[PDB]
Amino acid sequence: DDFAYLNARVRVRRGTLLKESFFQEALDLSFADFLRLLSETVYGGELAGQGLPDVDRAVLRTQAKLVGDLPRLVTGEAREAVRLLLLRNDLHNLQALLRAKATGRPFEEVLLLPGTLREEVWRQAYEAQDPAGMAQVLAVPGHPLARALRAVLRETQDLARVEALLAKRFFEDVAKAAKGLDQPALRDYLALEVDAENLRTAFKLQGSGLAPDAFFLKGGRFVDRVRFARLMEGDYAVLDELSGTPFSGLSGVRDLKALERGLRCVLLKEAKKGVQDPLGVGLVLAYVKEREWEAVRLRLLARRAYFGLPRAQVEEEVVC
Amino acid sequence: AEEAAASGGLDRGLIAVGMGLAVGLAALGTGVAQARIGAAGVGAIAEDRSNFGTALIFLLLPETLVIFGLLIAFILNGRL
Amino acid sequence: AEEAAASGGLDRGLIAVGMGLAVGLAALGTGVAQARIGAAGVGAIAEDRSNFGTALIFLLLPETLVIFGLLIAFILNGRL
Amino acid sequence: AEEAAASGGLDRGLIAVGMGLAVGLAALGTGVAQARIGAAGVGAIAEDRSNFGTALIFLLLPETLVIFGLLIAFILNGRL
Amino acid sequence: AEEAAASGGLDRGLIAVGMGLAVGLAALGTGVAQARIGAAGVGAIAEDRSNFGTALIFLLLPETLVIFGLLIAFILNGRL
Amino acid sequence: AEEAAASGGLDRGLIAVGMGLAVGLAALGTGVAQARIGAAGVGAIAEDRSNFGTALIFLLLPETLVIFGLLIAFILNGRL
Amino acid sequence: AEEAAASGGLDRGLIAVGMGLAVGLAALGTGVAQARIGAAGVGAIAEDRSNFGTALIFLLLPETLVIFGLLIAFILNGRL
Amino acid sequence: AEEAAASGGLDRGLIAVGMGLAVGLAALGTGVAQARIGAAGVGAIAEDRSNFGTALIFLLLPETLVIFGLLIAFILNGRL
Amino acid sequence: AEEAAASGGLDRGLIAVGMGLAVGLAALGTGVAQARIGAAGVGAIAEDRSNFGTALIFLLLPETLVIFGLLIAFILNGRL
Amino acid sequence: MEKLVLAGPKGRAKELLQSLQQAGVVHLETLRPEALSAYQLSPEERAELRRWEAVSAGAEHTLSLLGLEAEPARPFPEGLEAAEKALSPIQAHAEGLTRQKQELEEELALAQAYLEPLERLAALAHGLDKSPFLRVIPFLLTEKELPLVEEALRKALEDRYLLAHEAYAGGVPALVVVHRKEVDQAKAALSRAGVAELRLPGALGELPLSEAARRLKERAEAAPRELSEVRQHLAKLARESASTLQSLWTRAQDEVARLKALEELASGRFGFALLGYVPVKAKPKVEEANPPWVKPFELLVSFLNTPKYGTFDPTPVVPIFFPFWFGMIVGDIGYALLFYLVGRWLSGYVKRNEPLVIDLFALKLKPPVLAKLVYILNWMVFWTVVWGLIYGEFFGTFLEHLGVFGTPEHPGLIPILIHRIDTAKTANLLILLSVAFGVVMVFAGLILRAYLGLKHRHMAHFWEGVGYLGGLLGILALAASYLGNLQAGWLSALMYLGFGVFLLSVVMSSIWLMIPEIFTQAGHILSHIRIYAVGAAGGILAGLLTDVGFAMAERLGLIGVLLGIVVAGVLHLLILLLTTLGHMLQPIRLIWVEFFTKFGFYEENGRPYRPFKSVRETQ
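Chains as they are written, first to last, in UniProt numbering: chain A, 3 to 322; chain B, 20 to 99; chain C, 20 to 99; chain D, 20 to 99; chain E, 20 to 99; chain F, 20 to 99; chain G, 20 to 99; chain H, 20 to 99; chain I, 20 to 99; chain J, 5 to 293, 323 to 652.
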């Protein structure tokens, strides 16, 4: 098993993470100067073309070899712990894959990177012609996200529903396993991920007339059914009573964009102070949030530069 | 025994070997327990200040075990 | 055993040998109990500077575990 | 023991076994406390050079335990 | 002198077990304590070569326990 | 005891039992440190050759611990 | 006893029993440490097919301890 | 190894206990060393069908501790 | 030789005690090893539902160490 | 005159100015950062810089393709025009050759894989792959799959389908031949088993089988010959013009650095700044202005001249290292004796390695430039091995003797039987002799530590540093009461009580808010003692492994033992090396207790300037 070698491999990698002062420089640059800067970094090391499709691809391929190769390098008890983190990036691939089989559209225009399910699992799944067979091919790597899929697929074959019940059931699955793999660092974070999900499920489905109890799943810290119901009526006075959590910063805010920005920045923060717990999954935890967030800012800074958008429209979203 | 002179007992020496076990293991165990609640307490303040009280009530509980152990050692050895 | 001076009877020796088990096992327990809260404790400061005090006060409690184990040992050793 | 350098009684050898434990085990506990908190301190410097000190004050606290073992050994082998 | 033999003795053998606890246990705690620091040290040099001094001072730090344990063993076993 | 060319004796034999604990434990601690760091060193050279020297220095450091446990052991048994 | 000793009996036998503890513990620490890294190491060989060797050499390093400790017991148990 | 009269004897028993230890202890270290690396390594062949040859050469490196202990054990407690 | 202490007295007594350690430890190192391979092995049957044969054989490999230790001991005390 | 621009740090304003003043540059006047503003590069200047980067990069690109990269210190002054005209033909030619080479290599890789199946398949339905009447579908099956596929097809397609297969060494490439308009059904049958159609990349995949098979056989034969040629032309181009690129690279790089220098100085990013004037003559002149001991000292003079704190020279370090370092080597039978030989291979040359070529021309595993730098190091190693051979006879004082010990100079059976460094009295004094040097180093670091706070003028460091040195005295005092008991050390049993007052009495004058932490200051004292003890005793242990490696460990000793022991001896060598190299790291481990704790030394928890480990790497 064991994170002893694996943590060590990641510590060398934390050396080539992009510090805050790069994005600071990049805003001052035009697209031509941005491109010269980008090539110094490790995302730059996969670059294959000046234009936009190529920037999206260099970023993605950097994430595929430095982050998406982690579950293979461990096994067992190590592997389950690392796997839960990786699983969110796999769910994104799965939801798109499930949707290409079902609505008959090509394999293309989806997210592919390795994680827990390999590239070949997604190709064999795609080519499967019965949803049940599609499901056994997915169940081969082993993970809680299969077991979550399997139960939802028994109730339904409707696209929109499978998507929602899979996500709900999946975070519930994740939580139980994670609580049983211990460590304070992971527990604090898990709580925030669920709390953030809860808020966020409420925002995405806002005003659809639905049940507010459906947007609250266990794992919480301070949020409950009533806050959800008020929130659903359109009242944001609930967020103004929400303190003692690091979402203290959501108070007095009522725009969906500022609210959701806020949750992603909070989750970033928890993970960045998990490096005072680098033992076990703590360090990897911090490493994945930072590679993800970094990749996102280079894509936003590249878009902002190419189309000559307003600076303040993106300067605020590239810092927490 | 006493530090003063007022005890003697061939039987008692054997009682000391056997009793050293019970105190030592109870302090080991109580400590390991204590730590989990204390790390948990870090989380409790983080989650909500007002229910620092919750960390406090659980945290009292492993203490009972060492304390109980100290009294058992005195009765079996050192009472006289 | 003896407090002042080294043991000079086989019985005094044997008691010493037992009493050691309690201070050793405790000594170890203070150590493990400190580490989980202690490592987190830095994190306390980090997250919230004002509640640096909250972490320390938890860490202090395992120190109690050793002093309780010593007191039994200090009394018991002097005579048989 | 208090009297041991190149010869000694069978009895003296027995106090040396028991007391030997108490210090050795403190060193053991110090090292476990140190492992966790030390490892955390490497995170802190990495992030910000200037708050090497916070890690150091939290770390300074398990040293107290090694010193506590010494004193138990010292008193019980023979009072100063 | 401090800790020597040339002829051995029955007394010495019991003395030998006792002195052996201290070095053995201390080094076990030194080994683990280093080991964790050592893992974290890969990270210190990696982020910045301006914390690289700090990483060296952390690594030297768990040695004090083992050095201390050599000393307790020599002292107890060479004081009259 | 002796280690000139033999160490035969029932008395010496007692010393031999006593020391081997200390070697044992010291060697045990070395095993956890040296291996973990050695793996960590192979990752350092593979990504960056600008940290190939740090990786090598770290490997050596846990070797001192196992030698300490041998040296004490030799010392009680007739010296070097 | 051994084929490079010519002192056997009860006397050699106590030493052999006792010194045997040390190698066994050196093997235990070595054992646990080699295994964890070796498993992670499969991924290392998997990645580096031209630098596969590096992984192989890191495995060999904990073994150095066990074997070194056997050789020390050999000297002690027969030097003629 | 062998049992006979000329690979046997009372003289042979003193050798047999020491040498017997050598296989046991080597066996101890080997089982744990081999397990994680072997657990992960058989797994690799299950996943990727091009690591099977690598896994077999890799597997023998922890096997080396028992094979080593075995050569000592066999020769010294052979015939004559 | 055999394990006795009245078919050879004190000389014999040492062989019996020492040999027990080789078997006992062979059994510990194997026992733990079996668990690791078992734990990993589950993945392999789920993944490849007809590569049942691969998981069973990988598991067999630690059993080898107990058959090695347990026989060596048995042959040697089988002489008489 | 030529205008020249200068920078430095604020801390060394006077020392920098004095040095520059002497060097050639005259008329030195200070400039504050507000003056440096408004002298940022004009757009034309930035365009030259952009262009200088392209040439730098562009070489790195061309030179990497062509073969290996090498960075010399030899530029070739040229224009913008000259450098870009140089670069354009070679980059073009090389880009072109590498592209052919990739296409040639990919084609081979596919053709090597898929010639044998396509041959087999083409053969089976020969002349019936270009007919409209019959449809063919190629696909691969393994022995395992063949029965399933046949069943599936047979039920789906009745008995008016044709399933044929022909082997190739392993599985079978199979072909199913079906009527036109029975294509969908045929496909559906393969898809249900999980088997799918084999189609190759490009035109070949789309061509009839017979065309595809003939052409693949042709490509496998042609490619290896053409690949050889393209690789050859590319090798020649590197051979003749690798230098041209390297010289452009260096020159281009110097210009980039110069223009970057002016943009930084311009934004007022150097705190102490000077302006001055040099005649054209003066312009070179400004840039212009027992081996064991002397040799490393002359390179250290460059660090004498740049101080950074209240610190003193980093030069006390080197003679503390040398005695202690030589005394880790103490063998004389197959330890120091074997190690003598090692010295010659680093300070001469070998070819018995592959990554290492000939050292005499500066060619090693290490980069060719680094290898020329570590000549000095290699010498310092050579001096250590030499002196270790002498301290191997020092050890043999305690071994060899014809009456004092029970082992002659060379017995006539085998050199060395049993070591006679197992005398109790003999081991203790060599340990106590070694300890004395560790003590001398404790005084030397803390005495400089105080002088540091006196001349850095921070009383808090002075006071703390003085006090800690009192504790050493207590530490030694206490030891004497146990090393001599009351026969000796009854001359320090009463000074010890007062030595303890001194430890705390000066430290409290700075106050200090962690009084316990003084325990760890006493930890540092203790280490110098234990490390020097480990340095002797662990050194001596090195020799005692050699008992069973090149000394009697077979029979009772005899003539045969000499050439029998070498079985174990060689196996023992790599084991021996690994543990004794571990000891040689003690000198630096010792040094760092004091060096990074600011005991008359530059470092103190971080801060620029290297650990002495890295300094001594080259010296």
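No residue lacks a Cβ here, since even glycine has one placed at the ideal position from N, Cα and C.
Asked	Found
Can you pull out the residues from the stretch 182–202 of chain A whose beta carbon lies closer than 8 Å to at least one beta carbon of chain B?	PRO186, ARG189, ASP190 and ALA193
From the DSSP output, read off the bridge partner residues of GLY100(J).	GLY100(J) is not bridged to any residue.
Could one say the Cβ of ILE76(D) lies closer than 9 Å to chain E's Cβ atoms, at least one of them?	no
Return the CA-CA distance between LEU89(G) and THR579(J), expressed in angstroms with no decimal places.	14 Å
Using a beta-carbon distance below 9 Å, is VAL61(E) in contact with chain A?	yes
How should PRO283(J) be labelled, buried or exposed, when 16 other C-beta atoms within 10 angstroms of its C-beta is the threshold for buried?	exposed
I need the boundaries of the beta strand (DSSP E) containing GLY37(G), first residue and last residue.	Where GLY37(G) is concerned, there is no enclosing beta strand (DSSP E), although the alpha helix (DSSP H) it sits in stretches over 28–66.
Residues of chain J with CB closer than 8 Å to the CB of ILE94(E), please, in chain order.	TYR515
Please determine, among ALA126(J), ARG453(J), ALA586(J) and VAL472(J), the residue with the shortest C-alpha to C-alpha distance to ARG219(J).	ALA126(J)
Taking Cβ positions only, does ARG68(E) come closer than 9 Å to chain D?	no
Only counting the same chain, and skipping five residues up and downstream in sequence, which positions put a Cβ closer than 8 Å to that of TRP412(J)?	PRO324, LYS328 and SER380
Once DSSP output is grouped into helix, strand and coil, what is the label at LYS397(J)?	coil
Enumerate in chain order the residues of its own chain whose CB-to-CB distance from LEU79(F) is below 7 Å, with the five nearest sequence positions on each side excluded.	none
Measuring only the C-alpha atoms, how far is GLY436(J) from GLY43(H)?	44 Å
Helix, strand or coil for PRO349(J) per DSSP?	coil
Counting Cβ pairs, one atom from each stretch, are 3 or more of them under 8 Å apart for the stretch 353–366 of chain J and the stretch 418–425 of chain J?	yes
Do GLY62(F) and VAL14(A) have their CB atoms nearer than 9 Å?	yes
Any beta-carbon of chain C closer than 9 Å to the one on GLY72(B)?	no
Classify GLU426(J) as buried or exposed, calling it buried when 16 or more other Cβ atoms lie within 10 Å of its own Cβ.	exposed
Indicate whether the contact test is met: 3 or more Cβ pairs, each with one atom in the stretch 164–179 of chain A and one in the stretch 112–121 of chain A, closer than 8 Å.	no
How about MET361(J) and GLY15(J): are their beta carbons less than 9 Å apart?	no
Does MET234(A) pass the burial test, meaning 16 or more other C-beta atoms within 10 Å, or should it be called exposed?	buried
Kindly confirm or deny that the stretch 542–555 of chain J and the stretch 497–508 of chain J touch, where touching means at least three C-beta pairs closer than 8 Å.	yes
Compute the Euclidean distance between the alpha carbons of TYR368(J) and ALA24(D), then round it to the nearest angstrom.	34 Å
Going along chain C in order, which residues have a C-beta closer than 9 Å to the C-beta of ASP92(A)?	Under the 9 Å cutoff, chain C gives no residues; its nearest Cβ is about 30 Å from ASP92(A).
Put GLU210(J) into one of helix, strand or coil per three-state DSSP.	helix
Interface residues of chain E around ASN9(A) at Cβ under 8 Å?	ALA58
I need the boundaries of the beta strand (DSSP E) containing residue 314(J), first residue and last residue.	Because chain J is numbered 293 and then 323 with no intervening positions, residue 314(J) cannot be located in this model.
At 4 residues or longer, and completely inside the stretch 30–94 of chain J: list those alpha helix (DSSP H) runs for me, N to C.	37–40 and 47–70
If we cut at 9 Å on Cβ distances, does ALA23(F) have a partner in chain J?	yes
In angstroms with no decimal places, state the Cα-to-Cα distance between residue 100(I) and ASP71(A).	Chain I is shown from 20 up to 99; residue 100(I) falls before or after that span and cannot be answered.
What separation, rounded to the nearest whole angstrom, lies between the Cα atoms of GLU107(J) and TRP253(J)?	29 Å
Using the Cα positions of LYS458(J) and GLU442(J), report the straight-line distance between them to the nearest angstrom.	21 Å
Would you mind sorting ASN70(G) into buried or exposed? The rule is 16 or more other CB atoms within 10 Å of its CB.	exposed
Can you list the residues of chain A that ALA54(I) reaches, using a CB-CB cut of under 7 Å?	What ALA54(I) touches in chain A: nothing, since even the nearest Cβ is about 11 Å away.
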